[PDB]
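Residue numbers (our numbering), protein chains in the order written: chain D, 1 to 82; chain U, 1 to 141; chain X, 1 to 714; chain B, 1 to 52.
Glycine included, every Cβ here is placed at the ideal spot set by N, Cα and C.
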Ligand SMILES: CC(=O)O[C@H]1[C@H](C)[C@H](O)[C@H](C)[C@@H](O)[C@@H]([C@H](C)OC(=O)C(C)(C)CC(=O)O)CC/C=C(/C)C(=O)Nc2cc(O)c3c4c(c(C)c(O)c3c2O)O[C@](C)(O/C=C/[C@H](O[C@H]2C[C@@H]3OCO[C@@H]3[C@@H](C)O2)[C@H]1C)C4=O
C-alpha cells in the first residue's frame with residue numbers, strides 16, 4: 001500500500017527502524033554517513049582517512065543525507081549499536 | 001444636514017435631540033482652561049454669574065504668597081496670551097510645538113513671562129514637538 | 001465619576017509647577033537684601049515651564065494620536081481611563097468598547113449623548129416622565145428616578161455604527177468596534193450600502209472632512225483648494241490635504257465633491273475625507289458574498305476573494321512611510337552628506353541627484369540608496385591598499401553611511417524635505433543637514449491580509465481565485481468573496497447574516513406590490529419604505545431598526561435584472577455554478593452584499609526572513625526590531641518542545657552557532673558557502689558573560705575538566 | 001572586582017545622545033567614597049566623620 005512515498009517521507013521510517021535500535025540511533029546512523037558522503041564528494045577528508053561512498057545509485061541532485069537514508073534502507077552498511 | 005444624502009430609516013420613532021458635538025469633550029475643557037470668550041458666552045444663558053478661569057482660579061487661590069517674616073505682594077491676576085506663534089502645518093512641518101506664549105501680568109509689579117503654553121486645535125488635538133497628540137480623560141473617585 | 005477632563009487635568013499639573021516655583025521665591029528672597037528684590041528677578045520660571053514640558057512628554061494620559069481612519073481618532077478622543085459594570089455605567093461610559101486585551105475594564109469610550117458637568121460629573125440627557133424638556137441626569141437625578149432620552153444611550157459611536165447590533169453578542173459587538181478603528185483608507189472610498197444613521201454625524205464631527213462655514217456659492221473648484229463666494233460677500237477658501245501621511249502611515253486624501261455652479265448651505269460637506277464618501281464614514285466596500293464552504297480554501301477563518309478585487313483596485317490602499325537621516329556633530333569629526341560613495345557602480349547612484357538625495361518620482365526597491373552620505377575615516381587593510389594602488393583607487397577615507405530603503409519595502413518617492421546649515425534654520429546642536437524622504441506605496445489586496453466586518457468576524461485571505469472560476473449566479477455575475485458557515489453553531493453572530501440579506505435587498509431594490517392593502521409585516525412600517533430602486537442605501541438604527549418580519553417581506557420583493565430573471569429567492573439563496581467543473585452547485589447557497597473592512601495588519605509588514613545580519617553589542621545574539629533582518633526568538637517553551645522530541649543537536653545548533661557563538665556563526669557561513677561539513681559548536685557568549693557576572697559578585701567560579709584542573713575561556 | 005567594560009558599556013546613541021549602564025554609576029559610587037575615606041584618614045579627621 002502507501003502507493004508511493006514522496007520526497008522526505010521516502011524511505012518510510014517503519015522500514016528504517018528495523019535497521020537500528022531506536023529512532024535516535026537512526027539519526028546518528030544516517031547523520032554520520034552523510035558527513036562521510038559529503039566529504040567524499042568535496043574531496044578526501046581528515047588526516048590519513050579515505051572516505052567511501054556513495055554505495056547506492058545516486059540521484060540527479062540528491063542530497064548526501066537523502067542518500068544515506070537509502071543506503072540504510074538496503075542494509076548496505078552496519079553500525080555498532082552502543 | 002443640508003447636503004445630507006437620502007438614506008431610508010427603518011426606525012418608526014423620532015429622535016428630537018440631535019447628537020451634541022462629540023468633540024466638545026476636548027474643546028469645552030480647554031476653552032474653560034484658557035478662559036476663552038466663547039466659554040465666557042456661557043454666562044449669556046448664565047448660571048453662576050462669575051466666569052472664573054482655570055488659570056485665574058489657580059492663580060487666585062495661591063495669590064498672594066505671603067512670606068512668614070515680612071509681607072510680600074505677589075498676587076497674580078489677569079494672565080495674558082499672545083497669538084499662536086505658527087500654524088499647525090508649520091509646527092508639524094518644522095517639528096516645533098503648537099503653543100501660545102503666556103506671561104502673567106502681575107511688591108514691585110513687574111510683569112513676568114512664563115513660557116510657551118500649548119494650544120488645542122479645532123480637531124481637539126495638541127501638536128507637541130510636531131506630533132499630533134490627544135489627551136485622554138481620566139476617571140477617579 | 002470624577003471624569004478628569006483635559007483642561008482640568010492640565011490645570012492640576014500647573015499647580016505643581018507654580019507651587020514648586022513659589023517655594024524658591026520664599027528662600028532666595030531672604031539671602032539678598034531688600035530693594036534689590038522684585039517678583040521678576042527671583043522667580044525662575046523653569047519649574048513652571050518644565051511641568052508642562054514634562055506633562056505632554058512623560059504623562060501616560062498624553063497619548064500619540066491613533067488615526068488610520070477618522071473614526072479611530074474620534075474614538076481615541078472621548079476615550080477614558082477607568083483606573084482609580086454597574087447601573088451608573090449605563091448611559092455614561094460603555095464597557096462595550098473596552099479593549100479585548102488584559103486592560104478590559106480600565107479603558108472605555110464615552111457614550112454618544114453623554115455630557116460633562118463643570119465639576120466633572122457625567123450628565124446623561126433624558127426627558128422627565130413624557131415631558132418634552134431635556135434635563136441632565138446623574139446621581140442627583142438618580143435620587144428621584146421616574147423616561148430615557150433615546151435608545152443607544154449606553155452605546156458609543158463605534159458601537160452605534162454596527163447594523164443589527166441587538167442580535168450579535170456583546171463580545172462580537174465589542175470586537176466589531178475595535179475592527180472598525182483598524183480599517184485603512186481605500187483609494188475609492190465607497191460608502192456602506194446598509195448601515196445605521198451615525199455614518200453622517202460621525203464623519204463631519206471627526207474633523208477630517210471639509211465642512212462649509214457659511215452659506216454661499218462655490219467660486220472655484222480644484223484639486224488644490226475650493227473657494228466659496230458667500231451671499232454676505234466674504235470669501236472663504238479651504239486647502240485640501242492631498243496624500244498626507246497620517247500618524248500610522250495611512251494616506252489622508254481629500255476629494256472635492258462639489259462643482260463651481262453649486263450652491264452650498266452652511267454646515268454642508270464640501271469635500272470627502274479619506275474614509276468618507278458624500279459626507280459619511282466609509283471604512284470598507286460592498287462585496288457580493290457566498291456563504292457556501294468552497295473546497296477547503298475558506299477553512300476555519302480563511303476567506304477566498306475574486307481576482308476582480310485586485311484588478312479593479314477596490315481594496316487597494318495607499319501607504320506612506322517617512323525616512324530621515326542627519327549630518328555632522330559626530331565622534332571623530334563632522335561628516336558631510338554627498339552623492340559620492342566610496343566605491344560603487346555608476347548605475348547604483350543613477351537615481352541619485354546632484355546632492356545625493358533620491359530624486360522625486362523615482363522608484364526604489366530593497367537596498368537602494370535614498371540619501372548619500374559619507375563619514376570621517378579611521379583611515380587606518382594591506383590587501384585592500386594593493387588593489388587600490390594597482391588599479392589607481394585611493395584610500396579616500398571613508399566609511400559609507402547611506403540611508404537605504406529597509407529590506408522588504410518598495411515604492412515611489414513623493415516628496416523630500418531638506419534642512420541645511422547654510423540657511424539659518426532651526427536644528428539640533430552640531431547637526432548641519434537634515435533631510436526627510438517620503439515614500440508612498442499602492443498596496444493591492446493580497447492573500448494573507450486581514451479582512452473583517454462590522455460584527456467582529458475576521459480572517460485572513462486564504463486564496464485569490466481568478467474571476468473565471470468562482471461560484472457565479474445565472475447572470476454570469478461572479479461572487480466577490482466566499483465565507484463559511486461553521487462559525488455560527490458556537491458563536492452565532494446572527495447580525496452578520498441579517499445585513500447580508502439586506503445588502504442584497506438594497507442592491508436590487510424592491511416593490512412590495514401592494515394589492516388590497518399592505519401585508520401584515522408592513523403594519524408598523526411607513527409608506528416611503530416601499531418601492532425603492534436599485535443601489536439604495538438603508539439606515540437601520542441599533543434598537544429602533546428593522547425586524548425579522550419586514551426582512552422576509554423585502555426578500556419576497558426583488559426587482560429582476562436586465563433579462564428579467566430573479567437571482568435570489570425569499571430565502572436569500574441561489575443556485576451557483578461552479579466556475580471550475582461547470583456543474584451547478586447542488587443546493588441553493590445564500591448570497592448577498594456584506595460590508596467588509598481592510599484591517600491595518602498587512603502581509604508586507606508582517607513577513608520577516610533572516611539568514612545573517614547584525615548582532616547586538618553587549619550580548620552577541622542577533623537583534624530584531626531594526627530596519628532590516630530581524631531574528632526570531634527561540635524561548636524556553638520552544639526549548640522544552642525541542643527537548644521533548646529528544647533532538648539534542650537541533651537544540652544545540654539554535655542556541656550556540658545560530659545565536660551566540662562568536663567564532664561559530666562565521667565559520668558555519670564559511671562552511672556552507674564552501675559546501676563543507678558544519679563544524680561543532682563552541683561556547684555560547686551568554687555563558688561566558690554568565691561567569692563574569694558571577695566573578696563580579698565575588699563568587700569564584702571555575703570550569704574544571706577531568707584533568708588540567710582549571711581552564712580559562714579567553 | 002570590577003566587571004569588564006564591554007559588559008557595562010558606554011556608547012554614543014542615535015542622534016548624538018549618550019548611553020551607559022548603571023554599573024558605571026554604581027561603581028562610581030564606591031570608588032568615590034573609598035577615595036574620600038583615604039583623604040579623611042590622612043587628614044586625621046574625627047572618628048564621627050571617618051566612621052560615617
Ligand atoms: C506610544 C504611545 O503613546 O502609546 C499609547 C497608546 C497605545 C497610543 O495612543 C496608541 C497609538 C493607541 O491609541 C492606538 C494603538 C494602535 O493601540 C495599540 O497600541 C494596540 C496594538 C494595543 C491596539 C491594537 O491594535 O489592538 C489604539 C488604542 C486603542 C485602544 C482600545 C487602546 O490601546 N487603549 C489603551 C491601551 C493601553 O495599553 C493603555 C495603557 C496606559 C493608559 C494610561 C491608557 O489609557 C491605555 C489605553 O487607553 O498605560 C500603559 C501602561 O502605558 C501607556 C503607554 C502609552 O502611553 C504613553 C504616553 C506617553 O507618551 C510618551 O511617554 C508616555 C508613555 C510612557 O506612555 C499608550 C497610552 C498602558 O499599557
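Query, Result
"Reference residue 92 of chain X; option with closest CA among X/61, X/551, X/211 and X/126", "X/126"
"Selection from X/589, X/594, X/412 and X/418 that minimises the alpha carbon distance to residue 495 of chain X", "X/594"
"Residue 497 of chain X at chain U interface by Cβ criterion, 8 Å", "no"
"C-beta atoms of residue 298 of chain X and residue 503 of chain X nearer than 8 Å", "no"
"Identity of the residue in X/556, X/524, X/532 and X/528 nearest residue 544 of chain X by Cα", "X/524"
"Beta-carbon gap between residue 64 of chain U and residue 104 of chain U smaller than 8 Å", "no"
"Any chain D beta carbon closer than 8 Å to residue 646 of chain X", "yes"
"Proximity test, Cβ basis, 8 Å: residue 373 of chain X and chain B", "no"
"Buried or exposed by the 16-neighbour rule on C-beta atoms within 10 Å, applied to residue 60 of chain D", "exposed"
"Chain U within 8 Å of residue 281 of chain X, Cβ atoms only", "no"
"Chain X contact residues for residue 1 of chain B, given Cβ-Cβ distances below 7 Å", "695, 696 and 698"
"Every unbroken alpha helix (DSSP H) inside the region 201 to 242 of chain X [4 residues or more]", "none"
"Option nearest residue 54 of chain D by Cα separation, candidates D/22, D/48, D/40 and D/45", "D/40"
"Whole-angstrom distance between residue 342 of chain X and residue 208 of chain X, CA atom to CA atom", "47 Å"
"Outcome for residue 639 of chain X when other beta-carbon atoms lying within 10 angstroms are tallied against a minimum of 16", "exposed"
"8 Å contact criterion, which residue 18 of chain X and residue 29 of chain X should meet: CB distance rounded", "Not quite, the Cβ-Cβ distance comes to about 16 Å (not below 8 Å), so this is no contact."
"Counted within 10 angstroms of its Cβ, other Cβ atoms place residue 292 of chain X as buried (16 or more) or exposed", "buried"
"Residue 69 of chain D Cβ short of 7 Å to ligand 1 heavy atom set", "no"
"Span separating the alpha-carbon of residue 22 of chain U from that of residue 158 of chain X", "12 Å"
"The region 480 to 491 of chain X / the region 354 to 368 of chain X touching (three or more Cβ pairs under 8 Å)", "no"
"One or two residues paired with residue 459 of chain X in a DSSP bridge", "X/451"
"Contact set between the region 362 to 396 of chain X and chain D, restricted to residues whose Cβ is under 8 Å from the partner", "none"
"DSSP state of residue 12 of chain B mapped onto helix, strand, coil", "strand"
"Three-state secondary structure (DSSP) of residue 9 of chain U", "strand"
"Residue 675 of chain X: contacting residues in chain D (beta-carbon distance under 8 Å)", "38 and 42"
"heavy atom of ligand 1 below 7 Å from residue 159 of chain X C-beta", "no"
"Minimum Cβ-Cβ distance from residue 337 of chain X to chain B less than 8 Å", "no"
"Coarse secondary structure for residue 107 of chain U, derived from DSSP in three states", "coil"
"Residue range of the unbroken beta strand (DSSP E) whose run includes residue 76 of chain X", "From DSSP, residue 76 of chain X is part of no beta strand (DSSP E) but of the alpha helix (DSSP H) over 70 to 76."
"Identified DSSP bridge partners for residue 35 of chain U", "Answer is none; residue 35 of chain U lacks a bridge partner."
"beta-carbon residue 60 of chain X near ligand 1 non-hydrogen atom, thresh 7 Å", "yes"
"Whole runs of the alpha helix (DSSP H) within the region 516 to 586 of chain X, excluding any shorter than 4 residues", "548 to 556"
"Where the alpha helix (DSSP H) through residue 47 of chain X begins and ends", "46 to 58"
"Short CB-CB distance (under 8 Å) between residue 526 of chain X and chain C", "In the structure shown, chain C cannot be found, because the protein chains are D, U, X and B."
"Residue 18 of chain B versus residue 329 of chain X: straight-line alpha-carbon distance, rounded", "13 Å"
"Continuous beta strand (DSSP E) stretch holding residue 596 of chain X: start and end", "589 to 598"
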